[PDB]
Each structure stands twice: as structure tokens, then as C-alpha cells.
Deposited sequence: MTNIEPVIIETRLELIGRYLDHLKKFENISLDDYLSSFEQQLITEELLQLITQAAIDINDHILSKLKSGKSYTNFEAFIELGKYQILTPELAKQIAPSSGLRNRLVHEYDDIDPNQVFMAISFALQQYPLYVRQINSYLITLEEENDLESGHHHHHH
């Protein structure tokens, strides 16, 4: 009752966003603070990535525990209970769900989140991809 084409579309977008986000892998904090546009690109990419992941998690948990309500954070943790994600990765990446009237955005914290996403979300792609291959059998 689960739709691989739905998960694979969002996973394919995540990979595209990450390929773009990788252009900021070797950027300095000083150069990052002196460029408003790079902060906009980076803030927008991180939002697109986490939103796709939340959509994937929502679709998957829609079939296993249908009817149960999960927050975006607990969704990541619940994918670890079903071994779809390693519990280590589910714990490390669930705070990403927070990335999805006052302009109180700190560039220093977003700068940290670039490196976070570049290390954790490929693992999310790998682990979700393995779940999809399991579904074929």
C-alpha cells in the first residue's frame, strides 16, 4: 500500500538540492557573513531538503502506523524504531525538522547547518534508498 514513486521523487529532489548545497562545502564563515545572497540560497536549500524528508517520512508512516499523529521530529525517530533509519542517524538528524513577523535568523547557526546537512542527508538518501530496494522483494 506504499508508493515507491512518491518516495523516489522526493529523494531525487533531495539529491538535487544537496548537489547544489555542496557548492558551499569549502566556504569560510567570514565570506558567508559578507554575502546576503549566499545566505538566501543556503537558507532556501536547507528548507527544501528537510521538507522533502518530512514528506517522505509522512508518506512512510502513513502506511505503517496509519492514523497515529507524529510531529516532524518524532517522525525521524520513529523511522529508527522500524530500522528504516539507523537509530544513530534518526537521533542525529531529527533536529533537522526545525529547519522547515520577525526576521530573527542567525547566519552563524545556518552556517553550521550547511555542514550538518552535507553529512547527514546523504546517509538519509542511502538509508531510504535501501528501504526502497527492500520493497521490490
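- No C-alpha positions are given in the record for the deposited-sequence stretches 1-2, 103-107, 145-157.
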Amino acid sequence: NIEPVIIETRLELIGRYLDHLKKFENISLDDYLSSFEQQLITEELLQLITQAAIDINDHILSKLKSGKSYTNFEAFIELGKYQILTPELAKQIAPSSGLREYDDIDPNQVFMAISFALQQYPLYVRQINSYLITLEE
From here on, numbers count along this sequence of modelled residues.
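- Look at the C-alpha B-factors of 21-29 and of 114-122. On average they run higher in 21-29.
- For the segment pair 77-85 and 49-57, the entry gives 77-85 the higher mean B-factor, averaged over Cα atoms.
- Residues shown: 97, 69, 92, 39. Highest C-alpha temperature factor in the entry: 69.
- In this PDB entry, the Cα temperature factor of residue 5 sits in the middle third of its chain's modelled residues.
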